[PDB]
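J.: The following block contains the structure, expressed as structure tokens.
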2 protein chains.
Amino acid sequence: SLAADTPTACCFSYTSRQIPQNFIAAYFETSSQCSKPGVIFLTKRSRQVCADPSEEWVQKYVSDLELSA
Amino acid sequence: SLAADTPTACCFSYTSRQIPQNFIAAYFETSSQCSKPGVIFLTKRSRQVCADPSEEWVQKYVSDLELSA
């Protein structure tokens, strides 16, 4: 567990058209070392699309883990 | 091309034991919006390991694109 991996994922730019729960599947609330507002997603094309802060569609998807974990 | 993707990969912590060109294959010099020194790698386990700034072993691997691109 002490051997973490992966870089610091942070939403520096999201998309205009959202990604509803039809193609989405995973998600992420950015990461520390870069207090980012938007969140990263995981559509079916393994192509994260980022997302505004508290996006109507995200709050529903990220609803699972909304910051608290 | 205007529709970029992926978050801002930045090396916030690298490993002690390096990853020579035996398991390594890809690499990255971090990203902007987070001036990072170390570089991210792509061993065979798709597990980036980051790397000190100008690591003896990296300069050789990252040698291909060393900042200039």
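Each chain in the structure tokens gets a letter, A, B and so on, in the order shown; residues start at 1 in every chain, and ligands are counted from 1 in the order they appear.
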Using only C-alpha atoms, determine which residues lie at most 10 Å from segment 12-19 of chain B, disregarding the query and same-chain residues fewer than 2 positions distant; provide the list as number ranges by chain.
T.: A: 3-8, 33; B: 9-10, 21-25, 30, 34, 36-43, 48-53, 55-58, 61
J.: How would the residues just chosen look if you wrote them out with N, CA and C atoms as a short mmCIF file (atom, residue, chain, number, x, y, z; two decimals), in the first residue's frame?
T.:
```
data_model
loop_
_atom_site.label_atom_id
_atom_site.label_comp_id
_atom_site.auth_asym_id
_atom_site.auth_seq_id
_atom_site.Cartn_x
_atom_site.Cartn_y
_atom_site.Cartn_z
N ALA A 3 3.45 1.67 -1.59
CA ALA A 3 3.95 1.89 -2.97
C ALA A 3 2.81 2.35 -3.88
N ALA A 4 2.41 3.59 -3.77
CA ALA A 4 1.31 4.10 -4.63
C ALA A 4 1.81 4.25 -6.07
N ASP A 5 0.91 4.47 -7.00
CA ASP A 5 1.34 4.62 -8.41
C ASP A 5 0.42 5.64 -9.11
N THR A 6 0.52 5.75 -10.41
CA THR A 6 -0.34 6.71 -11.14
C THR A 6 0.03 8.14 -10.74
N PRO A 7 -0.07 9.04 -11.69
CA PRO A 7 0.25 10.46 -11.48
C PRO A 7 -0.89 11.17 -10.75
N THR A 8 -0.78 12.46 -10.56
CA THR A 8 -1.86 13.21 -9.85
C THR A 8 -2.92 13.64 -10.87
N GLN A 33 -2.79 17.83 -4.09
CA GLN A 33 -1.62 18.41 -4.80
C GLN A 33 -2.10 19.13 -6.06
N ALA B 9 -1.15 14.90 -16.15
CA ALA B 9 -0.21 13.95 -15.48
C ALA B 9 1.00 14.73 -14.94
N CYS B 10 1.29 14.58 -13.68
CA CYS B 10 2.46 15.30 -13.10
C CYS B 10 3.16 14.40 -12.08
N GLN B 21 15.62 0.22 -19.19
CA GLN B 21 14.94 -0.01 -20.50
C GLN B 21 14.54 -1.48 -20.67
N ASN B 22 14.57 -2.25 -19.61
CA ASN B 22 14.19 -3.68 -19.73
C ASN B 22 12.68 -3.82 -19.55
N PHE B 23 12.10 -3.09 -18.63
CA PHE B 23 10.62 -3.19 -18.44
C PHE B 23 9.98 -1.91 -18.98
N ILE B 24 10.73 -0.85 -19.00
CA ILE B 24 10.18 0.44 -19.51
C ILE B 24 9.87 0.30 -21.00
N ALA B 25 9.13 1.24 -21.50
CA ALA B 25 8.77 1.22 -22.94
C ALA B 25 8.35 2.63 -23.33
N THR B 30 6.11 14.72 -17.51
CA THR B 30 5.06 15.39 -16.70
C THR B 30 4.13 16.20 -17.61
N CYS B 34 1.55 22.36 -13.93
CA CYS B 34 2.12 21.61 -12.78
C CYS B 34 3.60 21.36 -13.05
N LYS B 36 6.46 19.95 -13.29
CA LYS B 36 7.05 18.84 -12.50
C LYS B 36 8.43 18.50 -13.08
N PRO B 37 9.35 18.18 -12.20
CA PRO B 37 10.73 17.84 -12.58
C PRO B 37 10.81 16.39 -13.06
N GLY B 38 10.58 15.46 -12.18
CA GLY B 38 10.67 14.02 -12.57
C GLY B 38 9.85 13.75 -13.83
N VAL B 39 9.90 12.53 -14.32
CA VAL B 39 9.13 12.17 -15.54
C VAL B 39 8.30 10.91 -15.25
N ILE B 40 7.24 10.71 -15.99
CA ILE B 40 6.39 9.50 -15.76
C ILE B 40 6.83 8.42 -16.75
N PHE B 41 6.76 7.17 -16.37
CA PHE B 41 7.20 6.11 -17.31
C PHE B 41 6.06 5.16 -17.63
N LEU B 42 6.36 4.15 -18.38
CA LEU B 42 5.32 3.17 -18.78
C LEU B 42 5.94 1.78 -18.85
N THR B 43 6.27 1.22 -17.72
CA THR B 43 6.88 -0.13 -17.71
C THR B 43 5.97 -1.11 -18.46
N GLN B 48 3.01 3.42 -14.26
CA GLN B 48 4.00 4.53 -14.29
C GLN B 48 4.79 4.51 -12.98
N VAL B 49 6.03 4.92 -13.00
CA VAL B 49 6.82 4.91 -11.74
C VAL B 49 7.47 6.27 -11.49
N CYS B 50 7.21 7.24 -12.33
CA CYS B 50 7.82 8.58 -12.11
C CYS B 50 9.34 8.42 -12.13
N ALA B 51 10.07 9.51 -12.08
CA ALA B 51 11.56 9.39 -12.09
C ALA B 51 12.21 10.71 -11.72
N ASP B 52 13.27 10.66 -10.96
CA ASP B 52 13.97 11.92 -10.56
C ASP B 52 14.19 12.79 -11.81
N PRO B 53 14.63 14.00 -11.59
CA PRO B 53 14.89 14.96 -12.68
C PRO B 53 16.23 14.65 -13.36
N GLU B 55 17.29 11.69 -14.43
CA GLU B 55 17.85 10.42 -13.87
C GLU B 55 18.77 9.77 -14.88
N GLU B 56 19.90 9.37 -14.42
CA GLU B 56 20.89 8.69 -15.29
C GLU B 56 20.17 7.74 -16.25
N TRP B 57 19.36 6.87 -15.72
CA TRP B 57 18.61 5.90 -16.56
C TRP B 57 17.56 6.60 -17.42
N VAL B 58 16.95 7.64 -16.94
CA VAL B 58 15.91 8.33 -17.77
C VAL B 58 16.57 9.04 -18.95
N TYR B 61 16.52 6.85 -21.59
CA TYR B 61 15.17 6.47 -22.10
C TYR B 61 14.45 7.71 -22.64
#
```
J.: Choose the residue, out of A:63, A:46, A:1, A:54, that has the smallest atom-to-atom separation from chain B; count only C-alpha atoms.
T.: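 Ranking A:63, A:46, A:1, A:54 by distance to chain B, first place goes to A:46.
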J.: When distances are computed from only C-alpha atoms, which of B:68, B:47, B:62, B:35 shows the smallest separation from chain A?
T.: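 Among the listed residues, B:47 lies closest to chain A.
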J.: Record the distance separating atom CA of residue 31 of chain B and atom CA of residue 20 of chain A, expressed in Å with one decimal.
T.: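 Taking atom CA of residue 31 of chain B as the start and atom CA of residue 20 of chain A as the end point, the length is 28.4 Å.
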J.: Pick out each residue of chain A that DSSP on the backbone tags as strand (DSSP E or B); I need them as a list in words.
T.: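 Of chain A, only residues 26, 27, 28, 40, 41 and 42 of chain A fall in strand (DSSP E or B).
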J.: So how far away is atom CA of residue 60 of chain B from atom CA of residue 44 of chain B, in Å?
T.: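 Separating atom CA of residue 44 of chain B from atom CA of residue 60 of chain B is a distance of 17.6 Å.
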